[PDB]
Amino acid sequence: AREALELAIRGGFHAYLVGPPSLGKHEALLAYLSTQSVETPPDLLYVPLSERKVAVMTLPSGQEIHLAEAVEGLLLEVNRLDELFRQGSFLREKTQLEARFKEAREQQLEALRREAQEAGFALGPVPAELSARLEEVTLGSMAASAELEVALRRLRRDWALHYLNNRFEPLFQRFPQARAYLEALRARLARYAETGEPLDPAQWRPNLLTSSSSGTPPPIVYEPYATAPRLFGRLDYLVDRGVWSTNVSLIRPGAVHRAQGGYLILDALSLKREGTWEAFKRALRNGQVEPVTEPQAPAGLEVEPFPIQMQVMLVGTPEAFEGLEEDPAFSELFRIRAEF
């Protein structure tokens, strides 16, 4: 009874608690677990490495709130980049290379103008094969033109990175686990500099899944209703007019996200009724799971599978277990049985 339960707690083990038909057995296991304590759990959370790609991040317990606050500051850095490009020192480097490209165009124009022989500046007949020369200058002016747009972009980029490396340097040393994510944000702010294309905060913020936990009391989730979305989390979508979209902030946590580092108490009967035993088995066997998506939605995300790091306690009556007990994988995963 209590001994089997203590054994489950002390061992690594997933367990199942078997009791009489009376209800609220969950609310007694809960009271019991909430007097224990566990090893401090890290913060596990989702972050966007791009608009489409979402990774799992692990931070020391308590640090995720601070990263999120730091990210809100980085988003406002677009206003600082704007002011940076109003500075005279930048405007001077800028016109300086503009003149470099005016010069090249407006000399090949003056070499094309010294056709005082048969032409007179456009803005004969006949041509005379200086007709080719006209194309040289045209094609060349368009090429110098695109080459100038690019060089301005590269210029804005370089200035932007000079400024941004000062903002980011403290962050890398404060959040070494967030390194790839901070690099992704830095690149994206650099692209705002090149392009002027504004950031949607909702595509770039970290998605904190649960509150940080000391371990005392342990994280504990009771799930009476075991659907796939409630166990595994789900991805929501925005449909504005006819347009579908989605982003990292639209991932909604399930029990595996909220119970990280702790205990997940699950109603067994509900697990059977719902589709979910087979998928639950797979999740436990693999150590990870993805959030539920709507198959055949015209929008999507590449989401890293979320690791399973909790201990599961199934609750039910003998009758409730009988369907489960006849599967050989049941006792392989749920080694300990506990009573009353």
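The first residue of the sequence shown is number 1, and the count goes up from there.
For the segment pair 124 to 132 and 170 to 178, the entry gives 124 to 132 the higher mean B-factor, averaged over Cα atoms. The PDB entry records a higher mean C-alpha B factor for 152 to 160 than for its counterpart among 258 to 266 and 152 to 160. Set against one another, the Cα B-factors of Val54, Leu45, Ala297, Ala31 in the record reach their highest point at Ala297. Residues shown: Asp236, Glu183, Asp82, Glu103. Highest C-alpha temperature factor in the entry: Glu103.
When the CA B factors of the chain's modelled residues are split into thirds, the value for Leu75 lands in the middle one. Placement of the Cα temperature factor of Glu223 within the chain: lowest third of the modelled residues, per the deposited record. Among the modelled residues of its chain, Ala4 has a C-alpha B-factor that falls in the middle third according to the deposited record. Split the chain's modelled residues into thirds by C-alpha temperature factor. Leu324 is in the highest one. Split the chain's modelled residues into thirds by C-alpha temperature factor. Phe90 is in the middle one.
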